[PDB]
Structure formats: structure tokens, C-alpha cells
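Just the heavy atoms: all of them, side chains too, but no hydrogens, waters or symmetry mates, feed the values below. We name chains A, B, ... by the order of the sequence lines, and we start the count at 1 in each one.
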Amino acid sequence: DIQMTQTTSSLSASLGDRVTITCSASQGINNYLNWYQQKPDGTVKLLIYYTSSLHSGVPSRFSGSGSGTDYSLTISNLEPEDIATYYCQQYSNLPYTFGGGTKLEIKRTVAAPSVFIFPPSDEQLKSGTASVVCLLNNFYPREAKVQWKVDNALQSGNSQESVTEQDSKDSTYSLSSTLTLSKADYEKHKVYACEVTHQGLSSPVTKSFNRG
Amino acid sequence: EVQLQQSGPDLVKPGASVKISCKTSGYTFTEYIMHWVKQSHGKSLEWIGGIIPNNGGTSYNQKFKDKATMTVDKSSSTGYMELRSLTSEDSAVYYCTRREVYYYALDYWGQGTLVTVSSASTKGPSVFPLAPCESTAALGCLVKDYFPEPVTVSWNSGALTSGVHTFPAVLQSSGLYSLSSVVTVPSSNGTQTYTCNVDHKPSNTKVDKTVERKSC
């Protein structure tokens with residue numbers, strides 16, 4: 001059963017740069033090696049077949065190389081739409097086997113998030129829970145501190161975060177932080193605030209509202 | 001244009017079977033082998049097997065010989081794969097693909113079918129507006145307390161795509177999923193309305209939630 005190893009599973013590169021993703025097989029596979037790109041939405045595209053042959057409709061920035069056990073996919077100059085996980089596949093033996101994947105992180109200029117806060121809807125309150133959402137839009141890099149303050153009391157343990165995949169045009173991230181309280185807790189307090197610290201902000205930005 | 005349309009997501013019981021479709025268009029079904037690939041959450045691709053449509057002849061990955069059964073149906077131009085005796089290890093996305101010759105490769109891919117193997121029951125999302133109490137405004141939809149994955153969100157029936165971020169779902173301590181979808185618009189372009197369209201196929205739940213701007 002032939003093993004495909006993509007040792008480096010997380011790779012970062014600047015737009016314009018040359019990028020190389022490597023793949024080695026447990027035994028020789030005589031150039032019977034294909035490359036796929038999986039987009040964040042789960043769509044899979046064939047890029048390269050039989051080591052070197054560019055699939056129809058694939059930019060020439062993509063090339064494949066190697067022989068025996070060792071294969072590489074090269075992107076001559078990185079574009080924003082190249083954000084993906086890349087997989088190698090051997091067809092020398094059955095079963096067809098695949099590498100672990102290489103996720104390509106894209107490096108670009110710093111951008112601060114624009115920040116938005118949203119109170120819970122009455123439609124949620126009526127059934128006993130209050131979700132308070134803080135949005136960080138279109139920033140780079142991914143590292144960001146979101147702190148919740150309720151009437152200026154720093155919060156812990158009562159919020160969850162989620163982050164988009166890097167955008168295919170502007171290579172930025174967006175992040176949501178949801179603060180979850182009981183209706184009863186939400187209503188004992190006046191000011192809800194989220195404070196964002198990020199490299200692109202010369203000092204933290206706070207967005208807040210008052211209940212009632 | 002070649003096209004591989006797979007059945008929708010699936011909640012299944014431990015021990016249950018399930019049968020997945022891949023209806024093909026834009027090529028002679030009989031002239032091309034079909035393979036099936038599995039992808040666990042945050043995982044690599046495992047090849048399951050192939051099937052020659054000309055005659056129904058099959059190859060299987062040894063690891064899946066007891067699990068999976070491929071078939072075709074030349075009239076509907078539709079391949080199938082049945083998974084038997086399901087467990088957690090079968091929670092995955094399953095892709096149908098077409099093999100081409102140039103030198104074999106998988107040159108077209110289905111959008112994939114998310115299978116979740118679980119005891120717990122379907123629950124439809126609650127959909128709540130995200131509206132504010134600068135040079136851009138934002139609003140959105142909170143899509144709370146659903147099981148299993150996935151949901152699709154569009155805005156204005158697929159006519160609003162730009163400025164849109166649908167966040168990946170977090171599993172809450174309740175064992176129910178939640179996510180938000182958001183839209184940003186430059187303050188100027190007041191003109192339009194904002195409705196998020198949420199579809200949870202596992203619960204046959206469709207919901208259009210209009211987000212009241214309350215400009216006046």
C-alpha cells in the first residue's frame with residue numbers, strides 16, 4: 001500500500017513569490033503522480049497529471065516536477081486566488097493513495113479590521129438566551145485579540161470565536177466573536193463592548209451599545 | 001459543460017445503511033470510469049473504489065470492501081454508492097469523480113456529500129437578525145441551534161454575494177451547531193433590502209429572514 005507524504009502541511013508565501021509543495025512516495029511510482037487543488041468551499045480541481053502535464057484551463061504559473069519517489073508542484077508567482085490545500089495522488093498501484101495536503105497561507109500587507117457590534121434580537125430573547133456578536137471585517141494578519149466588557153467588567157469563558165478562510169481576492173480574514181448569556185443575565189447590565197487589538201491598529205478599538 | 005450533481009447531506013443511525021447519488025451530464029456516461037473518494041473532517045482524501053459504467057465492473061480499496069458498494073444506472077446516467085454498518089469513522093464528505101485518459105486522473109469532481117453518523121435527532125436552525133443599534137454599515141443572520149451540519153446561506157436569493165462572510169459553524173457545549181452570516185455595504189448604497197436565505201436540508205428547513213434597517 002503506497003504512502004504519500006506531504007511533510008509540510010502548512011505553508012505561507014507572499015503574493016508574487018515562487019512557492020514549492022513537495023510530495024514523496026514510500027516506493028518509486030514512475031511519474032504516475034497527479035496534483036489537485038481543494039478550495040475552502042470543498043471544490044476540487046485537477047491541476048497537473050503524469051508529473052508535468054498542465055490540465056486544460058490551468059494558469060501556466062503552475063508546473064509539476066520530479067521522478068522516482070520525489071515530486072513538487074511549483075507556483076512561479078503566487079496570486080490571491082491560489083489560496084487552497086494542494087494534494088498529490090499516486091496511480092502506480094491500487095489502491096490510489098493521496099498526500100496529507102499542504103494548506104497555502106498567503107502573506108500580504110497589514111490591514112486593520114473594521115469592527116461592528118450587534119445586540120441580541122427580541123426574537124432570540126423571547127426564548128431565554130442572548131447572543132451578542134462582534135465582527136472583525138477584512139483584516140491581515142490572522143492574529144487578533146477580542147475582549148468583551150460588560151458595564152466595563154472584563155469577561156471570560158462565556159464567548160466563542162470563528163474565522164473565515166483567507167479571501168480569494170484580498171487575502172484577508174474576517175472573525176466573529178459571540179458572547180452568550182441567559183436573557184436574565186443580559187438584562188442586569190447596560191453597556192456591551194468589544195475591544196479589538198491588532199497589528200494594524202495603533203491602539204485598541206472599542207465598539208459598544210447601551211440596552212434600553 | 002461536464003457536471004457531477006451529488007445527493008444532499010444525510011444524518012444516519014449507527015448500524016444504518018445509506019445510498020448516495022451522482023447524476024452526470026455533458027458526456028457519454030459509458031465512455032468514462034467513476035471513482036469515489038472519502039474526506040474525514042480536517043483530513044486527507046482516501047480512495048474508496050471505481051466502477052466501469054460499460055458493464056458494472058468494480059475495483060475496491062481493501063479498507064472499504066466491507067463498507068461500500070458502488071453501482072450505475074445507464075438510463076438516468078447516475079452512479080451510486082451505498083455505505084453499510086455505519087459508525088463515527090464513516091462521518092465524512094464523499095466525492096464522486098470522473099477518470100479521463102491523456103495516463104489516468106480524476107478530471108471532474110462532485111461538490112461532495114456530507115454524511116454524519118449519529119444517534120441524536122435532526123434539529124432545524126433558528127434564524128435571528130444581526131442589525132446595529134463610519135463609511136460602511138454591516139448586518140447579518142445568526143443561524144443558531146441546528147444538527148447536523150451543514151446549512152447554506154445566500155443573501156437576496158443569490159443576487160448579493162460581494163461583502164458577504166458566512167462563518168464556519170462552531171459546535172456549542174449543547175452538542176448543537178451555530179454560525180453567523182454577515183454583509184458589509186458602504187453607508188451610501190439605503191437603496192436595497194437585505195434578506196438571508198437559510199437551507200437546512202436534513203430537517204427540510206428553508207427560512208428567509210429580512211433584516212430590518214430601521215433607517216427612519
* Asked: So, B:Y95 and A:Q38: side-chain donor and acceptor under 3.5 Å apart, yes or no?
  -> yes
* How long is the gap from CG on A:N34 to CG on A:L73, to the nearest 0.5 Å? -> 11.5 Å
* Non-hydrogen side-chain atoms of A:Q27 and A:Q90 separated by less than 4.5 Å -> no
* Determine whether A:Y186 and A:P120 make a side-chain contact, defined as any pair of heavy atoms from C-beta on separated by less than 4.5 Å. => yes
* Are B:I48 and B:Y94 side-chain neighbours, meaning at least one heavy-atom pair lies under 4.5 Å? -> yes
* Asked: Between the side chains of B:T191 and B:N189, is a donor N or O closer than 3.5 angstrom to an acceptor N or O?
  -> no
* Asked: Are any non-hydrogen side-chain atoms of A:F118 and B:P132 less than 4.5 angstrom apart?
  -> yes
* Structure fact -> Closest non-hydrogen atoms of B:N197 and B:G158, given as atom of the first, atom of the second and distance, are OD1-N, 4.4 Å
* With a 4.5 Å heavy-atom cut-off, do A:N31 and A:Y71 have their side chains touching? -> yes
In residues 76-83 of chain A, what donor-acceptor pairs under 3.5 Å come from side-chain atoms, sequence neighbours left out?
residue	atom	partner	partner atom	Å
A:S76	OG	A:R61	O	3.2
A:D82	OD1	A:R61	NH2	3.3
A:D82	OD2	A:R61	NH1	2.6
A:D82	OD2	A:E79	N	2.9

* Structure fact -> Value for CD1 (A:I21) from OG (A:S9), rounded to nearest 0.5 Å, stands at 11.5 Å
* Structure fact -> Nearest heavy-atom contact between B:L86 and B:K13 is CB-O, 4.2 Å
Under 3.5 Å donor-acceptor pairs involving side-chain atoms of residues 53-63 of chain B, not counting sequence neighbours:
residue	atom	partner	partner atom	Å
B:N55	OD1	B:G57	N	3.3
B:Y60	OH	B:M70	N	2.8
B:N61	OD1	B:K63	N	2.9
B:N61	ND2	B:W47	O	2.7

* Does NZ or CZ of B:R98 lie under 6.0 Å from the centre of the six-membered ring of B:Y108, at an angle within 45° of the ring axis? -> no
* Electrostatic pair B:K144:A:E123 at N-O distance under 4.0 angstrom -> no
* To do: Scan side-chain atoms only and decide if A:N137 and B:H165 contain a donor-acceptor pair under the 3.5 Å cut-off.
  => yes
* Quick one: sort the A:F98 and A:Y36 rings into parallel, tilted or perpendicular, breaks at 30° and 60°. => tilted
* Structure fact -> Between B:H200 and B:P148, the two heavy atoms sitting closest are NE2-O, 2.7 Å
* Close side-chain approach of B:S7 and B:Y80, heavy atoms under 4.5 Å -> no
* Any chance you could measure B:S44, atom OG, to B:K38, atom NZ, to the nearest 0.5 Å? => 12.0 Å
* To do: Check the side chains of B:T210 and B:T195 for a donor-acceptor pair under 3.5 angstrom, ignoring hydrogens and angles.
  => yes
* What pair of heavy atoms forms the shortest contact from A:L46 to A:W35, and how long is it? -> CD1-O, 3.6 Å
* Note, B:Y32 side chain near B:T24 side chain (heavy atom, < 4.5 Å) -> no
* Taking all heavy atoms of A:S52 and all of A:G64, pick out the closest pair and write down the distance. => OG-O, 3.4 Å
* Below 4.5 Å, heavy atoms only, C-beta onward: do A:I106 and A:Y140 meet side chain to side chain? -> no
* Structure fact -> On a heavy-atom basis, the closest approach of B:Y146 and B:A169 is OH-CB, 3.1 Å
